[PDB]
Amino acid sequence: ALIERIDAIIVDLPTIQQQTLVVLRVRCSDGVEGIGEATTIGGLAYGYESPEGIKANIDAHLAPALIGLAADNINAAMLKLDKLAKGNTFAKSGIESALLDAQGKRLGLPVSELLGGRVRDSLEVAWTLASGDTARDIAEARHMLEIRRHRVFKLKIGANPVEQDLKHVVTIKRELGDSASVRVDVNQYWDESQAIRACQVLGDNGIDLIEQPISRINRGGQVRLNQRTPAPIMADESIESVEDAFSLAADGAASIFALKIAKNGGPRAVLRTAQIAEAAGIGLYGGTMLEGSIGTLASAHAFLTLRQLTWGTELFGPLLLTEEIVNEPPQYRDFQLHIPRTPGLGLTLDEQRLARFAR
Amino acid sequence: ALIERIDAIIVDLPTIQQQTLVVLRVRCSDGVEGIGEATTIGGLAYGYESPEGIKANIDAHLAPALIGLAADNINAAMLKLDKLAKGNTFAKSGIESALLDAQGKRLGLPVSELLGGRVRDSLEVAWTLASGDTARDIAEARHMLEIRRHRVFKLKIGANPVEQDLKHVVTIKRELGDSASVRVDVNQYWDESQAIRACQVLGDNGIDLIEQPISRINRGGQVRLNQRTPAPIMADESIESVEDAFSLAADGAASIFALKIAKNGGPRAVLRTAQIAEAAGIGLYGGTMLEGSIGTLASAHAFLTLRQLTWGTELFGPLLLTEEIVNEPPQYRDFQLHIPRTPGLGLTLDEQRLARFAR
Amino acid sequence: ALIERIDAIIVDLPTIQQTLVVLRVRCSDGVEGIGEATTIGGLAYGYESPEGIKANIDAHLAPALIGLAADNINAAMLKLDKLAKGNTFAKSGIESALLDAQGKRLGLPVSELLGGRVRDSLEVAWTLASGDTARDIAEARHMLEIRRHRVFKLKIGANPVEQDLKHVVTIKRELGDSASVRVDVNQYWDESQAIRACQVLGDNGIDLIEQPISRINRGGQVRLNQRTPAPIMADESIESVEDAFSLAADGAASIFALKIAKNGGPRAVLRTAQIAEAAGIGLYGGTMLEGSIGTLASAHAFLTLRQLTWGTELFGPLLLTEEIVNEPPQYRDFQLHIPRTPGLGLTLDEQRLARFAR
Amino acid sequence: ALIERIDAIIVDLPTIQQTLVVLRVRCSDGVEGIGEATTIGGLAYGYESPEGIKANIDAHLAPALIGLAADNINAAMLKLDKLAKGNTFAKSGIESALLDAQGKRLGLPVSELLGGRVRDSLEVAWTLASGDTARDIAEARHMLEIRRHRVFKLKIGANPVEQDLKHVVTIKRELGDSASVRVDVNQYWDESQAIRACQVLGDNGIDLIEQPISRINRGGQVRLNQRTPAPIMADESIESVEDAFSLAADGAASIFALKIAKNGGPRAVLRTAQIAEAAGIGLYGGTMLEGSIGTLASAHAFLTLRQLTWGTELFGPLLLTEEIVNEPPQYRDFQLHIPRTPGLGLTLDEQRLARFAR
């Protein structure tokens with residue numbers, strides 16, 4: 001089987017205002033087509049790759065290089081892209097995901113099987129409390145706990161005065177008590193001078209982990225916080241490649257790594273980061289860039305092969321979408337995401353919805 | 001335009017007993033004259049440069065080297081002074097300030113514009129509670145808060161027994177509560193054996209940051225305190241040059257840097273320190289050597305170009321003066337210092353007051 | 001003066017082809033600023049490709065600046081940093097254009113806007129690219145003859161080590177003291193290969209070794225910086241100003257190559273240059289092979305530096321057969337000469353722009 | 001397909017004897033996978049001996065896998081990690097057999113199961129073992145003559161330093177550029193001896209120095225990695241994948257020897273290989289002198305690596321006079337050629353298996 005065609009479609013989907021995704025379709029000579037997803041959050045704010053640049057680069061450089069190569073030699077295809085292109089992990093993630101989807105369908109096996117074999121069939125899924133209103137957040141958390149959908153919550157902070165964000169988080173934790181795990185994500189917003197007292201308060205008031213309190217540019221401060229923060233520090237934005245992860249582990253910059261296929265280069269590349277982490281004794285967390293079912297499931301097939309994910313995952317992207325361009329709704333039940341053992345990613349494109357939302 | 005003349009005038013001004021300033025006047029061939037200020041605190045106690053030495057060095061070495069050079073090539077003039085003179089940052093600060101003032105007037109642009117462009121028009125201004133009497137300090141702080149002049153206060157400590165200074169500060173903080181930010185400046189007075197418990201008490205009792213607890217000679221202790229003090233440590237006296245700042249950031253000696261044009265070599269030189277800080281993720285604070293409006297405004301035009309100043313500034317020098325040798329009183333209103341977009345520093349000399357206070 | 005419109009045009013020029021991205025920033029006061037965001041061969045030398053650069057300027061970068069004050073460049077650039085991470089080549093092209101418009105507006109050269117120059121010309125190196133030893137030596141001798149270049153660079157690492165080594169050493173052997181010979185490995189070797197390679201190179205009079213190993217091996221660069229008999233230069237290890245700080249703090253290189261495209265503009269490159277100065281690191285004016293516009297923006301910044309120990313490699317325009325600029329760069333007596341005219345001192349050749357635009 | 005039975009058979013083969021442990025994993029779907037757990041001379045080169053390997057597979061390892069899904073190798077291997085610590089040789093033999101059965105099942109070669117190959121053959125070194133200088137040079141010249149090997153390894157450290165040094169240098173002196181000469185000290189020297197030895201070696205064109213000192217001297221390897229003029233290779237310092245991480249984090253070697261037996265299988269060795277790639281470390285395909293089965297399992301993994309700077313030493317089968325496999329390894333033109341047939345592309349020679357089994 002040879003790679004015959006690769007399409008990159010930008011889609012704008014409505015949310016509970018809209019999430020933009022880059023859907024990849026790779027048609028192989030044997031009639032099999034694989035699908036993948038390259039998604040990011042708000043244009044360029046969460047990465048150098050935007051949906052437009054991703055499409056531009058796939059069309060102009062990445063796809064032309066693969067047409068005519070064997071579909072079933074995923075290693076050769078990706079190694080070729082690395083040689084031709086520096087970075088561009090989001091784009092490479094979608095392509096790898098599509099190639100793995102296609103190979104799974106072709107052999108009748110699920111992607112996790114191609115990746116070695118699963119050790120579980122479901123994954124714990126956290127939930128971001130996003131209203132900004134403390135009371136609403138508490139109400140929402142209790143509701144999600146009642147319907148058994150989530151029991152691990154995450155608050156995004158850093159954009160308001162430190163004391164304001166602190167008050168918010170500590171209040172939600174006191175109210176929920178030991179009924180739920182509460183974590184925070186600062187997304188590099190604080191500088192070390194701010195993080196010093198903040199991490200102390202958070203750690204002292206029951207917050208389980210602090211995700212990326214300061215900027216990736218301050219490597220030394222990450223090492224110091226990793227030694228002094230009462231709550232463990234998780235690296236997210238500091239990881240923009242498998243080599244970054246090695247670098248962070250050697251320095252003792254964090255005790256937990258967020259695993260994101262988009263920042264590593266696909267399902268196989270995230271397993272390298274995970275393995276570097278495992279070799280050094282660093283805890284794992286299944287991360288997301290809020291992708292729909294394709295990218296969420298591609299991430300999921302990889303995480304199912306992992307020995308332990310001490311902190312669970314945050315694969316809730318599909319729950320934020322009102323519409324999807326896939327026909328099979330994901331299974332969220334009893335605090336987890338359940339993954340089928342069907343061929344490939346086990347997804348089928350909703351051609352009607354794809355045409356409607358494509359731009 | 002060529003630099004035609006440079007005068008260095010020592011002036012003794014009355015305070016709320018007196019502050020000595022070195023006023024610089026640079027006359028260029030096109031009729032434009034720029035003004036600058038080289039000021040220090042109490043002779044030689046806060047630096048190697050005294051008003052007398054500054055005047056001696058400007059007259060004998062620094063000025064002669066610039067006469068006849070182009071007024072509008074500030075980079076060439078300063079680089080020339082560095083080649084001819086080691087250190088002498090206070091003197092160089094006044095000259096740069098005067099050269100930037102002159103160039104701004106010449107092109108009709110404010111100094112901040114020459115420095116790249118402002119991102120704000122006003123700056124938060126802290127206030128030093130100096131009576132030494134706890135009760136008076138509390139009374140003063142409440143008054144300044146009431147008239148909306150200051151909401152960030154700083155206590156200078158280190159000269160009395162540790163417990164005495166500690167009691168003083170903690171009492172002022174308990175009384176003011178969350179209505180004001182309270183910070184301390186030890187000016188290198190403690191040794192590390194003292195700072196260990198002191199920083200712990202201060203940090204535990206609501207003090208936001210500790211400025212220069214120990215001597216610049218103990219680099220290792222600054223690194224340790226930066227890791228163990230509950231409240232972030234700010235470097236001030238450890239910075240006597242742009243290279244010192246780089247050195248301190250590489251060592252992880254402090255999480256905040258006080259920015260002073262006098263200790264760096266002028267407005268442009270302080271931007272280098274700030275940039276080294278920004279590149280390493282270190283927080284910034286706009287410092288002062290208690291200069292009048294000229295040096296305060298020269299400092300201000302530089303700080304307005306900075307992305308963030310997590311800790312505000314302490315540009316309150318003019319408020320301590322009963323008389324000034326400048327005609328335009330500075331704008332302090334609603335907790336801040338407001339900076340005009342007028343040419344140069346936007347100041348004019350009060351020739352009558354200058355003649356009267358010159359010595 | 002407000003920013004009214006920003007045009008990003010992809011142009012393919014023939015070489016002795018090179019794809020450039022030309023920026024045109026028109027301001028409400030009638031002043032137009034021009035800039036250039038250029039890379040080498042698609043995505044092989046950076047994360048940005050001409051197509052992605054344009055896509056991003058058109059969809060994100062430019063929209064954020066329309067209506068802003070054209071004269072407050074710091075404010076404009078700080079806005080792009082907030083809306084987009086990375087994207088240094090695009091950001092560089094935009095800043096260059098702003099500084100150009102501002103120079104024209106004030107009737108001052110970009111170098112003055114950046115503080116004031118300390119020199120009027122920069123030493124320029126030349127890359128011997130035939131791949132043939134006799135041919136390279138003949139080319140170098142010629143450049144030396146016409147007094148155009150006396151510093152030559154050799155791109156190696158893509159052939160068996162011993163071959164590349166034999167090549168470089170022969171060239172230096174033949175030229176001797178008449179020239180300065182340097183190599184650029186562009187991250188091709190691994191530490192195990194560079195150990196002996198660096199030793200051999202240094203022992204044979206090569207002045208410097210540019211980026212021998214990959215930026216991913218920080219410990220190796222630190223080791224090579226301490227053991228290589230010839231100084232190690234960082235190039236690809238620098239992808240932002242903070243990287244420069246990081247490398248400096250680690251003692252990973254004794255020389256930093258300075259490229260506006262990799263840092264984000266003539267101002268961002270000065271931040272990198274100053275961090276290096278504060279640490280005692282040697283400087284080198286680098287290039288991404290841009291035409292005159294990009295080369296001149298780089299130049300105006302390099303003219304303000306107290307010292308460029310290893311000179312520059314701003315020979316970019318020389319590789320081109322045609323330019324979309326009206327003023328050809330002045331290359332004479334081993335150097336590039338920069339006028340004191342307003343802005344970048346360049347104007348668009350509308351006719352040729354339309355011809356090579358795509 | 002479930003795992004139905006696992007047989008571990010000790011076989012002694014004559015050499016130009018070597019004891020191997022052959023694994024036969026039979027699955028419920030009729031597919032049989034074969035593997036090999038081999039070490040050199042009892043317990044002198046590892047913690048596992050043929051007798052202990054068998055004892056442990058029979059009493060612990062195998063019982064835990066009976067009934068499990070044959071096609072979920074990761075799940076099976078993670079089970080062994082939990083029930084038994086260490087035991088990499090046994091674990092390696094088992095994984096090799098599973099991958100073989102899975103390749104046969106799917107009709108795909110093991111290299112494809114591991115991701116897909118980037119080459120069809122691997123460069124193979126040869127160990128000159130007569131111990132006699134003239135004899136070694138004659139042997140090397142011959143291998144070069146028949147185009148079988150051009151890279152030779154010399155095992156030293158068991159004689160007075162000056163003697164061993166004199167030996168190696170003479171061989172390199174005589175062969176010159178016609179060949180790549182390397183040494184393996186197998187932890188024989190102490191740091192005080194390696195200081196001068198490494199210097200002399202490097203000065204005389206030896207390409208690399210494999211494991212000069214003991215894994216117990218971490219600081220020394222870090223020092224030797226910074227001072228030795230020739231690159232230092234880690235072999236015995238690697239006894240698990242985590243060790244590889246540790247050595248990489250410390251900057252203890254610039255090259256890692258890759259051996260499935262020391263890491264735990266073709267998959268475990270890829271984990272080690274990738275940690276090395278992430279750090280900029282050079283790779284070398286190593287061996288524990290296994291016959292075709294072990295050599296092929298190693299090979300299929302090495303074919304997926306982007307780069308093996310120093311080649312391999314998969315000459316194991318060549319040392320044997322008889323094999324219990326039906327397909328002889330294809331050694332030609334300095335390399336080992338690996339087919340694309342299902343699994344390891346090998347089948348058991350039942351007749352010979354029974355003859356040499358013990």
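Residues numbered from 1 in each chain as written, not as in the entry; some residues may be left out. Chains lettered and ligands numbered in written order. Part of a larger assembly, values for the part shown. Heavy atoms only, no water.

Determination of this PDB entry was carried out by X-ray crystallography to a resolution of 2.10 Å, according to the record.

A.B. asks: An account of the overall build of chain C is needed here, citing residue identities and associated values.
C.D. replies: Broken down by element type, chain C carries 13 helices and 13 strands. Relative to the 2.2 N^0.38 estimate, which gives 21 Å for 358 residues, the radius of gyration of chain C is 20 Å and therefore close to what a compact globule would have. In the form shown here, chain C has an accessible surface area of approximately 11900 Å², with 48% of it arising from carbon and sulfur atoms. Positive and negative side-chain charges in chain C, numbering 38 and 45 respectively, have mean positions lying 1 Å apart. (Helix = DSSP H or I, 4+ residues; strand = E, 2+ residues; numbered from the N terminus. Rg over C-alpha atoms; globule rule 2.2 N^0.38 Å. Areas by Shrake-Rupley, 256 points an atom, 1.4 Å probe, with all protein chains shown as cover. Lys, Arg positive; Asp, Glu negative; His and termini not counted. Charge placed at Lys NZ, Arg CZ, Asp CG, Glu CD.)

A.B. asks: Give a description of the side chain of A:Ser112 that names residues and reports values.
C.D. replies: Residue and element names in this part refer to chain A. Relative to the helices and strands, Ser 112 resides in helix α4 (residues 111-114). Classification of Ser 112 as buried rests on a relative accessible area of 1%. Leave out the neighbours within four places in its chain, and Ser 112 touches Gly 117, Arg 118, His 301, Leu 304 and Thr 305. (Buried < 20%, exposed > 50% of the residue type's maximum accessible area, 1.4 Å probe, protein only. Contact = heavy atoms within 4.5 Å.)

A.B. asks: Could you give an account of the pattern of salt bridges, with specific residues and numbers?
C.D. replies: Applying the stated rule across the entire model yields 115 salt bridges over all chains. One salt bridge connects B:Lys154 with B:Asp185, and the closest N-O pair in it is separated by 2.9 Å. Here B:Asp185 lies in strand β7 (residues 181-185) and B:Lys154 lies in strand β6 (residues 152-156), a separation of 31 residues in the sequence. The same class applies to B:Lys154 as to B:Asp185, namely buried. Because the salt bridges share partners, they merge into one network encompassing A:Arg25, A:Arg27, A:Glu33 and A:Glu351. (Salt bridge = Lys/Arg side-chain N within 4 Å of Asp/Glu carboxyl O.)

A.B. asks: Residues and numbers for the interface of chain D and chain A, please.
C.D. replies: Taken together, the contact between chain D and chain A spans 27 residues of the former and 26 residues of the latter. Regarding the contact of chain D and chain A, the summed buried area is about 1900 Å², with carbon and sulfur atoms giving 59% of it. Inspection of the region where chain D meets chain A yields zero salt bridges. Per-class residue counts for the side of chain D that touches chain A are 14 nonpolar, seven polar and six charged. (Buried area = accessible area lost by both parts, 1.4 Å probe. Nonpolar A, V, L, I, M, F, W, Y, C, P; charged D, E, K, R; others polar.)

A.B. asks: Tell me about the environment of A:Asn73, and name the residues and values.
C.D. replies: Structurally, the position occupied by A:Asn73 is in the loop between α1 (51-66) and α2 (74-84). Judged by relative accessible area, A:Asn73 falls into the buried class, the value being 15%. Sequence separation between A:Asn73 and A:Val170 is 97 residues; the distance between their C-alpha atoms is 50 Å. In contact with A:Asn73, not counting residues within four places along its chain, are D:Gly115, D:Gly116 and D:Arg117.

A.B. asks: Can you lay out the domain arrangement of chain C for me, pointing to particular residues and giving the numbers?
C.D. replies: All names here are of chain C. Per the domain assignment, the segments of chain C are domain 1 (1-107 + 344-357) and domain 2 (108-343). Tallying the contact residues gives 41 residues for domain 1 and 40 residues for domain 2. Buried surface at the junction of domain 1 and domain 2, both sides included, amounts to about 3700 Å², of which 61% is carbon and sulfur. Considering only the surface of domain 1 that becomes buried against domain 2, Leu 99, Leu 344 and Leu 346 emerge as the three largest contributors, covering 17% of it. In this assembly, domain 1 and domain 2 are joined by three salt bridges. Of the charged contacts, one joins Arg 355 and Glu 322 as a salt bridge, the two residues approaching to 3.2 Å between their closest N and O atoms. (Domains from an automatic or database assignment.)

A.B. asks: Any chance you could break down the relation of the copies chain D and chain C for me, citing the residues and the numbers?
C.D. replies: Superposing chain D onto chain C takes a rotation of 90 degrees plus a shift of 0.0 Å along the axis, which leaves an RMSD of 0.0 Å. As the rotation angle and translation indicate, the two copies are arranged about a four-fold axis. Judged by C-alpha distance, D:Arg227 is the residue of chain D that lies nearest the rotation axis, at 5.6 Å. Of the residues that chain D buries at the interface, just 6% are likewise interface residues in chain C, meaning the two copies contact each other through different surfaces. (Least-squares fit on C-alpha atoms.)

A.B. asks: Lay out the sheet that holds strand β6 (residues 151-155) of chain C in plain terms, naming residues and giving numbers.
C.D. replies: Residues and elements named next belong to chain C. Here seven strands make up an open sheet; going across it, the order is β5-β6-β7-β8-β9-β10-β11 and the pairing parallel. Unpaired on one side and paired on the other, β5 (126-127) and β11 (282-285) mark the two borders of the sheet. Here strand β9 (residues 232-234) pairs with strand β10 (residues 255-258) via two bridges, running parallel. Note that in β10 the partner of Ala 234 across the bridge is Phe 256. (Pairing = 2+ DSSP bridges.)

A.B. asks: Tell me what's going on with the sheet that holds strand β9 (residues 233-235) of chain A, and back it up with residues and numbers.
C.D. replies: Residue and element names in this part refer to chain A. Spatially, β5-β6-β7-β8-β9-β10-β11 is the arrangement adopted by the seven strands of the open sheet, whose pairing is parallel. The outermost strands of the open sheet, each flanked by one partner alone, are β5 (127-128) and β11 (283-286). Bridge count for strand β7 (residues 181-185) against strand β8 (residues 210-211) is two bridges, and the pairing is parallel. Bridge assignment links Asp 185 to a residue of β8, and that residue is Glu 211. On top of the sheet, helix α5 (residues 134-146) reaches β5 and β6 (152-156); it is set at about 155 degrees to β6, its chief contact. (Axes fitted to C-alpha atoms, helices over the stretch in contact; angles between N-to-C directions.)

A.B. asks: Summarise helix α12 (residues 292-302) of chain C; cite the residues concerned and give the values.
C.D. replies: With respect to burial, α12(C) is a largely interior element, eleven of its eleven residues being buried. Here α12(C) has its buried residues at C:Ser292, C:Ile293, C:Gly294, C:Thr295, C:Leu296, C:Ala297, C:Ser298, C:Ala299, C:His300, C:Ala301 and C:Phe302.

A.B. asks: Talk me through the domain arrangement of chain A; I want residue IDs and the actual numbers.
C.D. replies: Reports often express the size of an interface as the amount of accessible area lost when the parts come together. Residue and element names in this part refer to chain A. On domain assignment, one finds that chain A holds domain 1 (1-108 + 345-358) and domain 2 (109-344). Counting residues at the interface gives 42 residues for domain 1, matched by 41 residues for domain 2. At the boundary of domain 1 with domain 2, total buried surface from both sides reaches about 3600 Å², with 62% on carbon and sulfur atoms. Summed over the shared surface of domain 1 and domain 2, the result is three salt bridges. We note a salt bridge from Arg 268 to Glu 96, for which the minimum N-O separation is 2.8 Å. For the interface between domain 1 and domain 2, the tally reads 19 residue pairs in polar contact. Those elements giving two or more residues to the side of domain 1 that touches domain 2 turn out to be β1 (3-14), β2 (18-28), β3 (33-39), α2, α3 (89-107) and α14 (351-357). Per element, the largest residue contribution to the side of domain 1 that touches domain 2 is twelve residues, and it comes from α3. Grouping the constituent residues of the side of domain 1 that touches domain 2 by class yields 20 nonpolar, 14 polar and eight charged. (Polar contact = N/O pair within 3.5 Å; in protein donor to acceptor, adjacent residues only side chain to side chain.)

A.B. asks: With reference to specific residues and values, describe the nonpolar core.
C.D. replies: In this structure, A:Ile58, A:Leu202, A:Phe257, D:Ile57 and D:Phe256 are the most contacted members of the largest nonpolar core, which totals 232 residues. D:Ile57 has contacts with D:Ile6, D:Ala8, D:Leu23, D:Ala62, D:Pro63, D:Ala90 and D:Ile94, leaving out every residue within four places of it along the chain. (Core = buried A, V, L, I, M, F, W, Y, C linked by side-chain atoms within 4.5 Å.)

A.B. asks: Lay out unusual backbone geometry in plain terms, naming residues and giving numbers.
C.D. replies: Most peptide bonds take the trans configuration, and most residues that are not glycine carry a negative phi. For B:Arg148, which is not a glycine, the phi torsion comes out positive at approximately 55 degrees. Tracing the sequence through the fold places B:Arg148 in the loop between α5 (134-146) and β6. In this structure, D:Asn186 takes a positive phi of about 40 degrees despite not being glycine. Its location among the elements puts D:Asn186 in the loop between β7 (180-184) and α7 (191-203). Using a relative accessible area of 14% as the deciding quantity, one classes D:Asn186 as buried.

A.B. asks: Please provide a residue-by-residue account of the interface of chain D and chain C, values included.
C.D. replies: Contacts between the two partners involve 16 residues from chain D and, on the opposite side, ten residues from chain C. Summing both partners gives a buried area of about 1000 Å² for chain D against chain C, and 46% of it is carried by carbon and sulfur. Counting the surface chain D buries against chain C, the share from its top three residues, D:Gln226, D:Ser254 and D:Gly280, is 33%. If you look at where chain D meets chain C, you find zero salt bridges. The tally of links from chain D across to chain C stands at six residue pairs in polar contact. Residue assignment for the side of chain D that touches chain C shows that the elements contributing at least two residues are α8 (218-227) and α11 (266-279) of chain D. The residue makeup of the side of chain D that touches chain C, split by class, is six nonpolar, eight polar and two charged.

A.B. asks: I'd like a rundown of α2(A), residues and numbers included.
C.D. replies: By the burial criterion, the buried members of α2(A) are A:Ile74, A:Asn75, A:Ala77, A:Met78 and A:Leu81. Angular distribution of buried residues about the axis of α2(A) spans 170 degrees; they occupy a single face of the element. (Arc of directions from axis to C-beta.)

A.B. asks: Please provide a residue-by-residue account of the pairing of strand β10 (residues 256-259) of chain A, values included.
C.D. replies: All names here are of chain A. What you see with β10 is no split at all: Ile 256 and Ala 258 on one side and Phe 257 and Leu 259 on the other are buried throughout. Across two bridges, β9 lies against β10 in parallel orientation. For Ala 235, the partnering residue across the bridge sits in β10 and is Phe 257. In this fold, β9 hands off to helix α9 (residues 242-251), which returns the chain to β10; that crossover is right-handed. Where β10 and β11 come together, four bridges link them in parallel fashion. The partner of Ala 258 across the bridge, within β11, is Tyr 285. (Right-handed = clockwise from strand over helix to strand, strands pointing away.)

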